[PDB]
Amino acid sequence: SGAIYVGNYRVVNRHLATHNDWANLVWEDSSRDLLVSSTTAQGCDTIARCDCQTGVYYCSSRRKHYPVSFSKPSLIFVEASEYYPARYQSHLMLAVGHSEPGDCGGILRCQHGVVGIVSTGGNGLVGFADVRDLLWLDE
Ligand SMILES: NC(=O)[C@H]1CCCN(C(=O)Cc2cccnc2N)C1
Ligand SMILES: [Zn+2]
């Protein structure tokens with residue numbers, strides 16, 4: 001679990017969005033595993049606007065943060081799960097690191113701010129849904 005709180009927006013993994021997230025829907029994209037909902041309170045976070053390929057993510061299944069090198073956002077095949085059929089997930093960045101289901105929502109940050117959230121994993125890999133291209137989050 002986990003979310004990004006920026007301005008009057010909450011960014012979560014689409015597959016973990018609550019009834020309240022869907023009742024206050026701003027934008028969602030199944031191909032990216034992202035959903036953004038509106039909030040009444042002003043959020044705690046800054047979004048990175050950069051091309052960093054290194055940063056640090058929070059791994060809830062270890063209660064720890066780990067440094068990672070990650071690929072540029074791209075279209076990557078993701079196996080079928082209970083939440084989606086087998087498909088290509090876009091804007092996804094992979095890195096070598098620990099992740100379990102439950103780790104989705106952990107933030108990846110670089111020195112400029114929030115880069116994205118954990119969205120996929122397994123086999124010693126961790127995948128992050130990129131948010132740096134969503135310029136409207138702080139416009
Ligand atoms: N389609 C998606 O974005 C995900 C939906 C939930 C299930 N998916 C995983 O990759 C979970 C996972 C498996 C094993 C270790 N770590 C993990 N985070 C795919
Ligand atoms: Zn950066």
Side-chain angles (χ1 to χ4, degrees):
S1 66
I4 305 166
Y5 295 92
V6 51
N8 287 300
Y9 297 127
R10 167 176 142 102
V11 188
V12 290
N13 290 94
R14 192 191 185 273
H15 73 273
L16 298 178
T18 67
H19 301 305
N20 238 52
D21 282 322
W22 277 107
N24 293 285
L25 179 64
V26 169
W27 169 82
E28 51 78 33
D29 187 330
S30 177
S31 78
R32 293 180 65 154
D33 185 46
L34 291 179
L35 180 149
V36 177
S37 63
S38 56
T39 66
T40 52
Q42 177 80 10
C44 62
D45 294 304
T46 283
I47 309 299
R49 300 301 180 190
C50 69
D51 59 1
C52 287
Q53 285 184 251
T54 66
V56 174
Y57 78 106
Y58 180 70
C59 172
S60 66
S61 67
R62 295 284 181 270
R63 284 196 197 113
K64 272 184 163 61
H65 297 259
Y66 291 108
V68 283
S69 292
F70 53 90
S71 59
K72 290 190 172 165
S74 73
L75 195 70
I76 291 180
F77 177 84
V78 174
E79 215 194 17
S81 72
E82 329 87 80
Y83 305 98
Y84 301 104
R87 72 211 214 283
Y88 286 86
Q89 176 164 320
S90 57
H91 300 267
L92 185 63
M93 293 172 299
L94 297 186
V96 176
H98 184 67
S99 64
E100 286 178 47
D103 289 323
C104 286
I107 285 177
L108 173 62
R109 297 178 78 89
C110 66
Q111 66 189 99
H112 307 112
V114 174
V115 172
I117 50 170
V118 175
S119 177
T120 75
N123 302 319
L125 291 162
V126 53
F128 307 97
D130 184 49
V131 300
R132 297 175 288 186
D133 64 314
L134 303 174
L135 312 187
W136 53 269
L137 287 174
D138 40 56
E139 265 190 272

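By convention here, the first residue in the shown sequence is residue 1.
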Can you check whether [X] reaches [Y] side chain to side chain, under 4.5 Å on heavy atoms?
X    : Y    : value
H91  : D29  : no
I107 : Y58  : no
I4   : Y9   : no
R62  : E100 : yes
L134 : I47  : no
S81  : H15  : no
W22  : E28  : yes
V96  : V68  : no

Using a 6.0 Å cut-off, check whether atom CD of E79 has over 12 heavy atoms from anything other than its own residue. no

Straight-line distance of [X] [atom1] to [Y] [atom2], nearest 0.5 Å:
X    : Y    : atom1 : atom2 : answer
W27  : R32  : CH2   : CZ    : 4.5 Å
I117 : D130 : CD1   : CG    : 10.5 Å
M93  : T120 : CE    : OG1   : 10.0 Å
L34  : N13  : CG    : CG    : 7.5 Å
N24  : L35  : CG    : CG    : 10.0 Å
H112 : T46  : NE2   : OG1   : 12.0 Å

Which heavy-atom pair separates [X] from [Y] by the least distance, and what is that distance?
X    : Y    : value
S37  : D21  : OG-OD1, 2.8 Å
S60  : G102 : OG-O, 3.5 Å
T40  : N8   : O-OD1, 3.9 Å
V12  : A3   : CG1-CB, 3.6 Å
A129 : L92  : N-CD1, 4.1 Å
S99  : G122 : OG-N, 3.6 Å

Could you tell me whether a side-chain N or O of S69 sits under 3.5 Å from a main-chain N or O of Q53, the two making a donor and an acceptor? no

Donor-acceptor contact present, side-chain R10 to main-chain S38, <3.5 Å: no

Yes or no on side chain to side chain contact (heavy atoms under 4.5 Å, CB included) for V36 and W136, after CA distance, side-chain angles and deciding distance? CA-CA 11 Å; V36 177; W136 53 269; 3.9 Å; yes

Verdict with reasoning, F70 to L108, per side chain to side chain contact (heavy atoms under 4.5 Å, CB included): CA-CA 10 Å; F70 53 90; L108 173 62; 3.7 Å; yes

Give the C-alpha distance, both sets of side-chain angles, the deciding distance and a yes or no for salt bridge (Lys or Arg N to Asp or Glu O under 4.0 Å) between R87 and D33. CA-CA 11 Å; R87 72 211 214 283; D33 185 46; 5.3 Å; no

Can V115 be reached from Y66 by stepping across I, L, V, M, F, W or Y side chains whose heavy atoms are under 4.5 Å apart? yes

Applying side chain to side chain contact (heavy atoms under 4.5 Å, CB included) to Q111 and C50, what does each step give before you reach the verdict? CA-CA 10 Å; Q111 66 189 99; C50 69; over 6 Å; no

Side chain to side chain contact (heavy atoms under 4.5 Å, CB included), that's the test. Do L94 and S71 meet it? Break it down for me. CA-CA 5 Å; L94 297 186; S71 59; 4.0 Å; yes

Can you see whether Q89 engages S119 through a side-chain donor-acceptor pair at a distance of less than 3.5 angstrom? yes

